[PDB]
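Read through the structure below, which is laid out as structure tokens, and then see the notes.
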Amino acid sequence: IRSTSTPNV
Amino acid sequence: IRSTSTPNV
Amino acid sequence: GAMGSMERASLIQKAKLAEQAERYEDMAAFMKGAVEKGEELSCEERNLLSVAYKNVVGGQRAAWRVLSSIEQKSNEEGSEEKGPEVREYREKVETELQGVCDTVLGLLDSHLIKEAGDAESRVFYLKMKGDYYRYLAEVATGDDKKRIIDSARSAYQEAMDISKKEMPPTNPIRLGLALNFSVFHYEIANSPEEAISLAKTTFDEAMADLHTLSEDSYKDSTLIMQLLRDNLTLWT
Amino acid sequence: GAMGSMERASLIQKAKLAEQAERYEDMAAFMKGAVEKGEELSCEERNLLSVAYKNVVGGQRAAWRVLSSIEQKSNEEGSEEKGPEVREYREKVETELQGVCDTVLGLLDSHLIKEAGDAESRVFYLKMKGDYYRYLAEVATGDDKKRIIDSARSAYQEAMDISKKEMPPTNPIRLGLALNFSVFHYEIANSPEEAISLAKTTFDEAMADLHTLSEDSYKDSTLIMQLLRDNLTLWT
Ligand SMILES: *CC(=O)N1CC2(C1)CN(S(=O)(=O)c1ccc(Br)cc1)CCO2
Ligand SMILES: *CC(=O)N1CC2(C1)CN(S(=O)(=O)c1ccc(Br)cc1)CCO2
Ligand SMILES: [Cl-]
Ligand SMILES: [Cl-]
Ligand SMILES: [Mg+2]
Ligand SMILES: [Mg+2]
Ligand SMILES: [Mg+2]
Ligand SMILES: [Mg+2]
Ligand SMILES: [Mg+2]
Ligand SMILES: [Mg+2]
């Protein structure tokens, strides 16, 4: 449903 | 490794 | 404290909302607020209290174990000295865990257990007392480790005696108590044989009583029985 | 505040421990303590600050969305009135989220951004500023919604201008900024076409520069490029 933003890396 | 105790239900 | 001005029904409503939102610290504070209104709790409200605090302390226990493992690795030969930070932070997490256990124990002592007269309520609260002493025992290392272990044992034993006289062998609270007392024996009391005996006798007596149950009660009892079997598989 | 008496190196050490223990509120408080020592942060320390606060606000955003959905369902025709509790609790969680965003924005304003002169540091902190205004925008409904949206846009745009002049198109910070600005355009600014254009141009320019990279840098850049492609798949 919601767009993906930067993840934790 | 550790024994299982009651879970949340 | 901070929940004194909220209605009991609104505290229960918000505990259910906090459960849906996976906000377990909030859920626990709402349920502590509800208990402090002074009225007895129903079965569903005991469940909300149990779920909230089990999730909070479960996070703390998991964190404590990660930090204790790092600390133990630090204190072995060959390990470069890193200073007091690992011990300090494990201590911080330990102190917070102890505080949550003391909060729960305080609610049970003031005054949930003394007002609990039906078997389901009294056995549940005495099991809870045993569980939170067990969590204190997991982190205890001082001159009170033996008394903490004995406190857990006494609570579980009082609950066991009531459960065996007042509930059928398939009752979920009776089964969950016996599961957690068997975990006490194996993981805390250095009594693996007592653990295995309890788990086997509990499983066998429940199996023999399953024929008395409805389809829905059967599903509930067999879930916990599978946990007893998983532990017996692990221990044997 | 409470971390004023701890050494900077001990705050960083404990932030790493809190990460391993999945204690993200503690991690954030340790890193806020480190920033308040006044010294610039290295790349690894910016990562610890970013991971801590993203995990804290990410929990709050997830909780807020669950509660907002329940509240919206309550306000439809056919819905029995349940009282002010759902709105009150959504407000409580919203206020806490706003507080975390204001804390991060305050660290960036006092004084991380003004001392950041290298491209990696300045672009990272301006991206962070855009992200936390974006989180405020997600919950904004009043007379300041437009100014909050414009604050996010301005921060992202300043970061974009520096990134395009100072970093290669495969730099992970440059890629992550463009990913999150494209999310801003689609989810906040009602500009899906600008979102798709940005994500496509970013992906194409990175693809063309992959040949310049080592194996390890390649793996880093292609990870974020896959996120741009996942969004383009979602949006088209
Ligand atoms: C009806 C009643 O009082 N309760 C409290 C409970 C329902 C059961 N307990 S428990 O710890 O006894 C338990 C039994 C079985 C399982 Br699978 C899990 C926990 C937990 C709270 O709800
Ligand atoms: C070296 C440096 O300053 N940093 C901060 C970072 C490493 C990168 N950022 S980020 O938000 O730019 C980001 C880029 C790429 C990914 Br897959 C995730 C996040 C996060 C903190 O670490
Ligand atoms: Cl500490
Ligand atoms: Cl509230
Ligand atoms: Mg009242
Ligand atoms: Mg050495
Ligand atoms: Mg201690
Ligand atoms: Mg110093
Ligand atoms: Mg109706
Ligand atoms: Mg508000």
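Simple scheme: letters A, B, ... for chains in structure tokens order, numbers from 1 for residues in each chain, numbers from 1 for ligands in the order shown.
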
Site check for ligand 2: residues at most 8 Å away, only C-alpha atoms and all ligand atoms, as a PyMOL selection string: (chain A and resi 6-9) or (chain D and resi 42-51+120-121+123-124+127-128+172-177+220-221+223-224)

Site check for ligand 10: residues at most 9 Å away, only C-alpha atoms and all ligand atoms, as number ranges by chain: D: 90-92, 94-95, 98, 139-142

Take the residues from that selection and put them in a file with N, CA and C atoms, as a PDB file, in the first residue's frame.
```pdb
ATOM      1  N   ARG D  90      -5.320   8.360  19.973  1.00  0.00           N
ATOM      2  CA  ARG D  90      -4.597   8.736  18.731  1.00  0.00           C
ATOM      3  C   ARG D  90      -3.861  10.055  18.962  1.00  0.00           C
ATOM      4  N   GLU D  91      -4.528  11.008  19.608  1.00  0.00           N
ATOM      5  CA  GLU D  91      -3.876  12.266  19.963  1.00  0.00           C
ATOM      6  C   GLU D  91      -2.633  12.065  20.844  1.00  0.00           C
ATOM      7  N   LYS D  92      -2.690  11.134  21.807  1.00  0.00           N
ATOM      8  CA  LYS D  92      -1.560  10.885  22.714  1.00  0.00           C
ATOM      9  C   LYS D  92      -0.372  10.390  21.870  1.00  0.00           C
ATOM     10  N   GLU D  94       0.026  10.684  18.613  1.00  0.00           N
ATOM     11  CA  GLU D  94       0.425  11.752  17.703  1.00  0.00           C
ATOM     12  C   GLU D  94       1.357  12.753  18.392  1.00  0.00           C
ATOM     13  N   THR D  95       1.010  13.143  19.632  1.00  0.00           N
ATOM     14  CA  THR D  95       1.796  14.143  20.353  1.00  0.00           C
ATOM     15  C   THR D  95       3.210  13.599  20.617  1.00  0.00           C
ATOM     16  N   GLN D  98       5.150  13.712  17.386  1.00  0.00           N
ATOM     17  CA  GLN D  98       5.546  15.085  17.094  1.00  0.00           C
ATOM     18  C   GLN D  98       6.739  15.435  17.960  1.00  0.00           C
ATOM     19  N   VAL D 139       0.872  13.610   9.759  1.00  0.00           N
ATOM     20  CA  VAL D 139      -0.148  13.716  10.822  1.00  0.00           C
ATOM     21  C   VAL D 139      -0.744  15.114  10.893  1.00  0.00           C
ATOM     22  N   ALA D 140      -0.287  16.026  10.023  1.00  0.00           N
ATOM     23  CA  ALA D 140      -0.746  17.407  10.094  1.00  0.00           C
ATOM     24  C   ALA D 140      -2.093  17.578   9.391  1.00  0.00           C
ATOM     25  N   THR D 141      -2.948  18.427   9.982  1.00  0.00           N
ATOM     26  CA  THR D 141      -4.301  18.618   9.462  1.00  0.00           C
ATOM     27  C   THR D 141      -4.744  20.069   9.605  1.00  0.00           C
ATOM     28  N   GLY D 142      -3.936  20.905  10.279  1.00  0.00           N
ATOM     29  CA  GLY D 142      -4.337  22.255  10.654  1.00  0.00           C
ATOM     30  C   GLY D 142      -3.857  23.316   9.660  1.00  0.00           C
TER      31      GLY D 142
END
```

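Residues of chain D having any atom within 9 Å of chain A, counting only C-alpha atoms, are residues 47, 50, 51, 54, 55, 176, 177, 179, 180, 181, 182, 183, 186, 187, 224, 227, 228, 230, 231, 234 and 235 of chain D.
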
Only N, CA and C atoms, please: the residues just picked out, written as a compact mmCIF listing (two decimals), in the first residue's frame.
```
# COMPACT_ATOMS: atom_id res chain seq x y z
N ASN D 47 25.20 7.13 11.27
CA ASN D 47 24.39 5.94 11.11
C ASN D 47 23.73 5.52 12.43
N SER D 50 20.84 7.86 13.02
CA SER D 50 19.75 7.63 12.09
C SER D 50 18.99 6.35 12.43
N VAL D 51 19.72 5.26 12.72
CA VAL D 51 19.03 4.00 13.02
C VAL D 51 18.17 4.14 14.29
N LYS D 54 15.02 6.39 13.59
CA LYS D 54 14.11 5.83 12.58
C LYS D 54 13.30 4.69 13.20
N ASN D 55 13.97 3.90 14.04
CA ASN D 55 13.23 2.82 14.70
C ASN D 55 12.20 3.38 15.67
N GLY D 176 19.61 7.38 -1.54
CA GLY D 176 18.58 7.39 -0.50
C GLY D 176 17.81 8.72 -0.39
N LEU D 177 18.51 9.83 -0.59
CA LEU D 177 17.80 11.11 -0.63
C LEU D 177 16.78 11.13 -1.76
N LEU D 179 15.36 8.64 -3.36
CA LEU D 179 14.26 7.75 -2.98
C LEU D 179 13.26 8.46 -2.05
N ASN D 180 13.76 9.03 -0.94
CA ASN D 180 12.80 9.61 0.00
C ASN D 180 12.14 10.88 -0.56
N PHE D 181 12.84 11.69 -1.40
CA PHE D 181 12.15 12.84 -1.99
C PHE D 181 11.05 12.36 -2.94
N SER D 182 11.33 11.25 -3.68
CA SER D 182 10.27 10.72 -4.56
C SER D 182 9.06 10.24 -3.73
N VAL D 183 9.29 9.67 -2.55
CA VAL D 183 8.19 9.28 -1.64
C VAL D 183 7.45 10.53 -1.17
N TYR D 186 5.10 11.61 -3.97
CA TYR D 186 3.94 10.75 -4.21
C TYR D 186 2.98 10.74 -3.01
N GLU D 187 3.52 10.64 -1.79
CA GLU D 187 2.66 10.37 -0.63
C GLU D 187 2.23 11.65 0.08
N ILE D 224 19.68 0.10 -3.16
CA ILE D 224 18.74 1.22 -3.16
C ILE D 224 18.05 1.36 -4.50
N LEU D 227 14.93 -0.52 -4.60
CA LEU D 227 13.82 0.20 -3.98
C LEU D 227 13.16 1.24 -4.89
N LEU D 228 13.98 1.95 -5.69
CA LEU D 228 13.39 2.84 -6.66
C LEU D 228 12.52 2.08 -7.65
N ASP D 230 11.07 -0.89 -7.17
CA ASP D 230 9.87 -1.40 -6.49
C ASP D 230 8.80 -0.31 -6.43
N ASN D 231 9.22 0.96 -6.20
CA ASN D 231 8.23 2.03 -6.14
C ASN D 231 7.65 2.30 -7.54
N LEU D 234 5.07 -0.10 -8.19
CA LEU D 234 3.90 0.21 -7.39
C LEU D 234 3.13 1.38 -8.00
N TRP D 235 3.83 2.38 -8.56
CA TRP D 235 3.20 3.62 -8.98
C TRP D 235 2.71 3.57 -10.44
```

Residue hits in chain D, query chain C, radius 6 Å, only C-alpha atoms, as a PyMOL selection string: chain D and resi 21+63+66

Cut-off 7 Å, only C-alpha atoms and all ligand atoms, neighbours of ligand 6 as a short mmCIF file (atom, residue, chain, number, x, y, z; two decimals) with N, CA and C atoms, in the first residue's frame:
```cif
data_model
loop_
_atom_site.label_atom_id
_atom_site.label_comp_id
_atom_site.auth_asym_id
_atom_site.auth_seq_id
_atom_site.Cartn_x
_atom_site.Cartn_y
_atom_site.Cartn_z
N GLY C 78 41.85 -13.65 27.13
CA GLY C 78 42.04 -13.34 25.71
C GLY C 78 41.19 -12.15 25.32
N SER C 79 40.23 -11.77 26.16
CA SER C 79 39.31 -10.66 25.84
C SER C 79 39.93 -9.31 26.22
N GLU C 80 40.08 -8.40 25.26
CA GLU C 80 40.63 -7.05 25.53
C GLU C 80 39.69 -6.32 26.49
#
```

Protein and nucleic residues near ligand 5, 9 Å, only C-alpha atoms and all ligand atoms, as an NGL selection string: :C and (5-9 or 37)

Selection near residue 3 (chain D), 9 Å with only C-alpha atoms, sequence-local residues under 4 positions removed, as a VMD selection string: chain D and resid 7 11 29 to 30 32 to 34 36

Residue list (alpha helix (DSSP H), DSSP) for region 49-193 of chain D, as a VMD selection string: chain D and resid 49 to 74 85 to 107 113 to 115 119 to 139 145 to 166 172 to 183 192 to 193

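Across the model, the gap from CA of residue 146 (chain C) to CA of residue 114 (chain C) is 25.2 Å.
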
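Neighbouring residues of region 147-156 of chain D at 6 Å or closer, counting only C-alpha atoms and skipping chain neighbours under 5 positions away, are residues 126, 127, 130, 133, 134 and 137 of chain D.
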
How would the residues just picked look written out with N, CA and C atoms as a PDB file, in the first residue's frame?
```pdb
ATOM      1  N   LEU D 126      20.548  17.231   5.807  1.00  0.00           N
ATOM      2  CA  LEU D 126      19.417  17.878   5.145  1.00  0.00           C
ATOM      3  C   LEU D 126      18.354  16.843   4.728  1.00  0.00           C
ATOM      4  N   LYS D 127      18.791  15.636   4.295  1.00  0.00           N
ATOM      5  CA  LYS D 127      17.821  14.569   4.039  1.00  0.00           C
ATOM      6  C   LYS D 127      17.046  14.257   5.314  1.00  0.00           C
ATOM      7  N   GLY D 130      14.446  16.831   5.948  1.00  0.00           N
ATOM      8  CA  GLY D 130      13.271  16.576   5.103  1.00  0.00           C
ATOM      9  C   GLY D 130      12.405  15.402   5.615  1.00  0.00           C
ATOM     10  N   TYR D 133      10.401  16.435   8.803  1.00  0.00           N
ATOM     11  CA  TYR D 133       9.256  17.262   8.426  1.00  0.00           C
ATOM     12  C   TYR D 133       8.198  16.422   7.700  1.00  0.00           C
ATOM     13  N   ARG D 134       8.643  15.443   6.892  1.00  0.00           N
ATOM     14  CA  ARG D 134       7.692  14.578   6.217  1.00  0.00           C
ATOM     15  C   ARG D 134       6.831  13.800   7.221  1.00  0.00           C
ATOM     16  N   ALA D 137       4.336  16.027   8.510  1.00  0.00           N
ATOM     17  CA  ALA D 137       3.282  16.272   7.518  1.00  0.00           C
ATOM     18  C   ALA D 137       2.256  15.138   7.499  1.00  0.00           C
TER      19      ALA D 137
END
```
